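Basis for what follows: all heavy atoms, side chains included, without hydrogens, waters or symmetry-related copies. In what follows, every chain begins at residue 1, and chains take the letters A, B, ... in the order their sequences are listed.
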Amino acid sequence: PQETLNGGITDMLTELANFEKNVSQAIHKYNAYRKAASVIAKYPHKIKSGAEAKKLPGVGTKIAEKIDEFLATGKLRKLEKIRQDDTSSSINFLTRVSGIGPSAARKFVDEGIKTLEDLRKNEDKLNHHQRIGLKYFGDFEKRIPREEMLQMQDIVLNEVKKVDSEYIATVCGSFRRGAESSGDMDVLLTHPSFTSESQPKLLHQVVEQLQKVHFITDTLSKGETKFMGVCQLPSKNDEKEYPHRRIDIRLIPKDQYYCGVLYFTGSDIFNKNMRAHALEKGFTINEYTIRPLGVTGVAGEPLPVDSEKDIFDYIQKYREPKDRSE
DNA sequence: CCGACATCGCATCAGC
DNA sequence: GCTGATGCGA
DNA sequence: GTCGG
Ligand code: NA
Ligand code: NA
């Protein structure tokens, strides 16, 4: 499926999704539009009618009508109208700021605050998260080349091992699956001394070392198990400075680590398929555990898991991250 | 016809 | 001051 | 908005 095959339709649908989420506050309509957009992005034919589209799983009566209008007129009256609406287009736009969701964007626009400039003049009304989102607005919308992720990973695995050589850290997300760029870095962390059935500074000490070497530059949120923040690679000589990047780090108990790694590696499609297959073969897989059902349909104890492969074993053949797109 | 549609950790607000 | 709700991101 | 019990 090439971009311009049905790119007009998927852009329209993604645009409609964003308004549902950010303006109408209708999360289930946002997911419906996104799902319609995904199944269409995949369909290897230029769509000629709404009826043709309606066949796809997640395209219903109203999206088929919208496609027809778009097809015959090259636009959509309702999207054209909302696009030109000052209140709505500003609410939608403010939410591109990390930490500003539908509800904060609504309040800001209510009181006349509509642009990054306006937010700039109003630091007093921004929480800590929002100030950082505003501060790195542009950097946060940049993709991360794989080569930079590898440099980031070097730093993270080096500094973790240097804190305590018994830690295990895995960079997951699409980077682990071999993607060519990434949106952020997601690091999963464990230690032999941390299990479900069981100190509480294991995460702090890693975040602390990454700040000591000045890799982590800012903190969005941090508790005993999850850290969310901002990092940057060292600038190499008088060459231009790297953009600031999003990095999350989570500490997972050892006996849940590999269910964690499998999940946060994905992709999403893969996960759903794999959790289907596992139901079908009699076990339940969430992010934490795998458990047997149950003559109808009672889940018993979490089964021991010691690698990713162990999970495949329980349900029957290890697929490497590379081939986990679907 | 009408309810489901990811799920949870952390930060902060609302209520007492 | 504490407890539960909500907003947010992923 | 779409699906399905
Ligand atoms: Na359909
Ligand atoms: Na936002």
Side-chain angles (χ1 to χ4, degrees), chain A residues 9 12-22 24-40 50 53-67 76 78-79 91 94-108 125-134 136-137 140-141 171-175 182-189 200 203-204 207 218-230 245-253 256 259-260 263-276 284-289:
Chain A
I9 288 163
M12 162 177 95
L13 295 181
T14 309
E15 264 198 79
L16 293 178
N18 290 332
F19 289 107
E20 299 291 348
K21 180 189 43 144
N22 306 315
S24 288
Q25 290 172 232
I27 184 76
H28 304 298
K29 291 186 178 181
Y30 159 83
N31 293 319
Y33 280 117
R34 268 168 87 238
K35 183 177 171 193
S38 283
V39 75
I40 278 172
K54 201 168 178 314
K55 294 154 145 164
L56 297 184
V59 176
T61 286
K62 319 273 290 273
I63 288 175
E65 276 168 56
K66 284 170 173 104
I67 282 160
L76 219 78
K78 283 185 190 162
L79 190 47
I91 290 180
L94 288 188
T95 68
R96 277 160 64 192
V97 184
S98 189
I100 293 180
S103 167
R106 161 79 36 130
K107 264 181 42 156
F108 283 141
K125 322 198 163 219
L126 261 50
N127 68 23
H128 184 71
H129 182 145
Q130 284 168 347
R131 295 173 194 192
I132 304 293
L134 162 63
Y136 304 112
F137 179 87
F140 289 173
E141 291 186 348
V171 180
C172 299
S174 73
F175 164 86
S182 293
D184 57 20
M185 159 164 289
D186 195 15
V187 182
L188 277 64
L189 192 78
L203 170 60
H204 165 90
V207 170
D218 294 273
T219 295
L220 290 172
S221 68
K222 182 185 173 291
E224 320 169 61
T225 68
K226 171 167 137 261
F227 167 84
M228 301 179 59
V230 190
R245 311 292 204 181
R246 281 282 289 110
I247 181 177
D248 294 343
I249 300 172
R250 350 152 179 265
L251 182 80
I252 307 179
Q256 291 183 0
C259 285
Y263 174 85
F264 288 111
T265 308
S267 68
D268 293 332
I269 315 168
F270 170 80
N271 269 334
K272 144 82 173 156
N273 301 352
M274 182 177 172
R275 55 195 45 208
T284 189
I285 305 176
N286 58 38
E287 77 183 283
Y288 310 103
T289 52

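Relative to the ring axis of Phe264(A), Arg250(A) places its NZ or CZ within 45° and under 6.0 Å from the centre.
For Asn22(A) (side chain) and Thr95(A) (main-chain N/O), no donor-acceptor pair under 3.5 Å exists by modelled atom type. Between the side chain of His129(A) and the backbone N or O of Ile100(A), no donor-acceptor pair lies under 3.5 Å. Side chain of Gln130(A) to main chain of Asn127(A): a donor-acceptor pair is present (N/O by atom type, distance under 3.5 Å, no hydrogens or angles).
Within the model, atoms CE of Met228(A) and CZ of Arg246(A) stand 4.5 Å from one another, a figure rounded to the nearest 0.5 Å. In this structure, the separation between CD1 on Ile91(A) and CZ on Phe108(A) is 12.0 Å, given to the nearest 0.5 Å.
Within the nucleic acid shown, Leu13(A) has no heavy atom closer than 4.0 Å to any nucleic acid atom.
With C1' as the reference atom, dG9(C) and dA6(B) are 13 Å apart, rounded to whole Å.
By the 4.5 Å heavy-atom criterion applied to side chains, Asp248(A) and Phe227(A) are not counted as neighbours.
Protein atom OH of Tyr30(A) is 17 Å distant from nucleotide atom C1' of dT2(D), rounded to whole Å. Straight-line distance from the CG atom of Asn271(A) to the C1' atom of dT7(B): 13 Å, rounded to whole Å. Taking atom NZ of residue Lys222(A) and atom P of nucleotide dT12(B), one finds them 14 Å apart after rounding to whole Å. As a whole-Å value, the separation of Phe227(A) CZ from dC8(B) P is 23 Å. For the pair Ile285(A) CD1 and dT7(B) P, the computed distance is 15 Å after rounding to whole Å. The distance from atom CZ of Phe264(A) to atom P of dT7(B) is 13 Å, rounded to the nearest whole Å. In this structure, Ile249(A) places its CD1 atom 17 Å from P of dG9(B), rounding to the nearest Å. The distance between atom CG of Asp268(A) and atom P of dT7(B), rounded to the nearest whole Å, is 13 Å.
Within the 4.0 Å cut-off from OP1 or OP2 of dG1(D), at least one side-chain nitrogen or oxygen of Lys66(A) is found.
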Practice task
List the steps and the verdict of side-chain contact (heavy atoms from CB on, under 4.5 Å) for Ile249(A) and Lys226(A).
Solution key: CA-CA 6 Å; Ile249(A) 300 172; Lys226(A) 171 167 137 261; over 6 Å; no

Problem - Steps toward side chain to side chain donor-acceptor pair (under 3.5 Å) verdict (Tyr33(A), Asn18(A)) - result: CA-CA 9 Å; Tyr33(A) 280 117; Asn18(A) 290 332; over 6 Å; no

Problem - side-chain contact (heavy atoms from CB on, under 4.5 Å) assessment of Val97(A) paired with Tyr136(A) - result: CA-CA 9 Å; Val97(A) 184; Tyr136(A) 304 112; over 6 Å; no

Practice task
Start with the C-alpha distance between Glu224(A) and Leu203(A), add both sets of side-chain angles, then the distance that settles side-chain contact (heavy atoms from CB on, under 4.5 Å), and finish with yes or no.
Solution key: CA-CA 6 Å; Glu224(A) 320 169 61; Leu203(A) 170 60; over 6 Å; no

Exercise for the section: Under the side-chain contact (heavy atoms from CB on, under 4.5 Å) rule, what do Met12(A) and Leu79(A) come out as? Steps first, then yes or no, please. Expected result: CA-CA 8 Å; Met12(A) 162 177 95; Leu79(A) 190 47; 4.1 Å; yes

Exercise for the section: Using a 4.0 Å heavy-atom cut-off, write out nucleotides 1-10 of chain C from 5' to 3' as B (base contacted by protein), S (sugar-phosphate only) or - (no contact). Expected result: ------SSSS

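Using a cut-off of 5.5 angstrom for ring-centre distance and 30 degrees for interplanar angle, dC10(B) is classed as stacked on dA11(B).
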Pick out the pairs of N or O atoms, protein on one side and nucleotides 3-6 of chain B on the other, that lie under 3.5 Å.
none

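Counting only Watson-Crick or G-U wobble pairs whose defining distances are both under 3.5 Å, the stems of 3 or more consecutive pairs in DNA chain B are B:1-5 with D:1-5, B:7-16 with C:1-10.
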